[PDB]
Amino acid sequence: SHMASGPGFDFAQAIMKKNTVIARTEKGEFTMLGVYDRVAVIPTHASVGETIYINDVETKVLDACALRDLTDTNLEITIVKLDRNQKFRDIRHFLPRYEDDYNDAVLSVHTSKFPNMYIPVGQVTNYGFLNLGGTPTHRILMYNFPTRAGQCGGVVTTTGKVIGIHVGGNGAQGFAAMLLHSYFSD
């Protein structure tokens, strides 16, 4: 069915090894992408509090911002600033500047149960609006793969671009929230 490229697999591998951690909230375990310095991202439905477990180390959250567009609509991204010695590789230059469609993407998961899994998801479409668990959400990417709980937070990449994080699905399709350069560079 779906296929990815060699450089695509190697690009995903480099992001996972250097820019992901296992995050655990009250709501469960999630893959977490670190973007730069001590700034990382996680789906809003994870309900981040004043503390979070990062690789099983409880870490103080210095700040969190649940992202909403100018229509005050959910984007399902929550940016968190972490009180933790280690800093992230700056990967902002891999973030897209515009909404777009993509071919042969890869979904990568980093949890305790699946500490290094890679899933080619195929063509990613700009789906736009989504009724996500009853919450209207915008800037959604869609792919036809039977995604599962525990893949939320998973990083979706193309060769050279980190395009989103997984946030939902219906049993036959997966949905990711867009990542955009403007969210982190202003």
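A residue's number is simply how far along the shown sequence it sits, counting from 1.
Name the higher of the two by mean Cα B-factor in the PDB entry, 67-75 versus 97-105. The entry gives the higher C-alpha B-factor average to 67-75.
Looking at the entry, does 173-181 or 16-24 show the higher mean C-alpha B-factor? Stretch with the greater average CA B-factor: 16-24.
From 54, 124, 132, 156, pick the one with the largest CA B-factor in the entry? Out of 54, 124, 132, 156, the record gives the largest C-alpha B-factor to 54.
In the PDB entry, which of 119, 141, 40, 48 has its C-alpha at the highest B-factor? Of 119, 141, 40, 48, 48 has the highest C-alpha B-factor.
Residue 128 CA temperature factor, ranked by third within the chain: Middle third - that is where residue 128 ends up once the chain's C-alpha B-factors are sorted.
Lowest, middle or highest third of the chain for the C-alpha temperature factor of residue 152? It falls in the middle third of the chain.
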